[PDB]
Amino acid sequence: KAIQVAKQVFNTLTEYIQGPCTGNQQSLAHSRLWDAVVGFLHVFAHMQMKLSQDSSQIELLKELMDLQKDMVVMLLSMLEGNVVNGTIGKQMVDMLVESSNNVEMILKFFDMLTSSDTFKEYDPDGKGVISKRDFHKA
């Protein structure tokens, strides 16, 4: 119920910007938005690794990654009319530097596609139901 709310809030924040209104980019630049993004990345990095273990709960993970998608869409929309030595890029870099160790867990998690490549060399007939132990072998 909170994921839906934050998703809609991010979509509104895109629609103020997606047609590149420079006032509605500069105003978000000089605001608390980056201090929200750091906490959001911090929850994402731990929660997607923690929740991924259990097969009981995957819909919540889909909701969370949809929220993360809309967040990065907003961040891209901030950079439409992006001059080279710009301010918005500098603030985004300061944000990412401030939350580097959170980001690195996400990028390490996205190294995954790279999960069925290690599947066919022990398959009996290329089916999809191979052993729990042959997987560790692979």
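Here the sequence shown stands for residues 3907 to 4018, 4025 to 4050, numbered as in PDB author numbering.
For each residue, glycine too, the CB sits at the ideal point set by N, CA and C.
For the alpha helix (DSSP H) that residue 3918 lies in, which residues bound it at each end? Element bounds for residue 3918: 3908 to 3921.
Express the C-alpha separation of residue 3962 and residue 3977 in angstroms, rounding to a whole number. Put simply, the backbone Cα of residue 3977 is about 26 Å away from that of residue 3962.
So residue 3950 is in the alpha helix (DSSP H); what residue range does that whole segment cover? Looking at the DSSP string, the run of the alpha helix (DSSP H) that includes residue 3950 is 3939 to 3957.
Give the secondary structure of residue 4048 by DSSP, where H, G and I count as helix, E and B as strand, and everything else as coil. Looking at residue 4048 - three-state DSSP - the assignment turns out to be helix.
According to the neighbour-count rule (16 or more other Cβ atoms, all chains shown, within 10 Å of its Cβ), is residue 3931 buried or exposed? Residue 3931 comes out buried.
Local conformation of residue 4015 per DSSP, three classes: Residue 4015: helix per DSSP, three-state reduction.
Could you say which of 4040, 3999, 4039 lies nearest to residue 3941 if we only look at CA atoms? When each option's Cα is compared against that of residue 3941, the closest is 3999.
Report buried or exposed for residue 3943, applying the criterion of at least 16 other Cβ atoms within 10 angstroms of its Cβ. Label assigned to residue 3943: buried.
Does the Cβ-Cβ distance between residue 3948 and residue 4008 come in under 8 Å? Yes, the Cβ-Cβ distance between residue 3948 and residue 4008 is below 8 Å.
Measuring only from the beta carbon, is residue 4010 closer than 7 Å to any heavy atom that is part of the ligand ADP? With respect to the ligand ADP, the structure offers nothing, as it holds no ligand at all.
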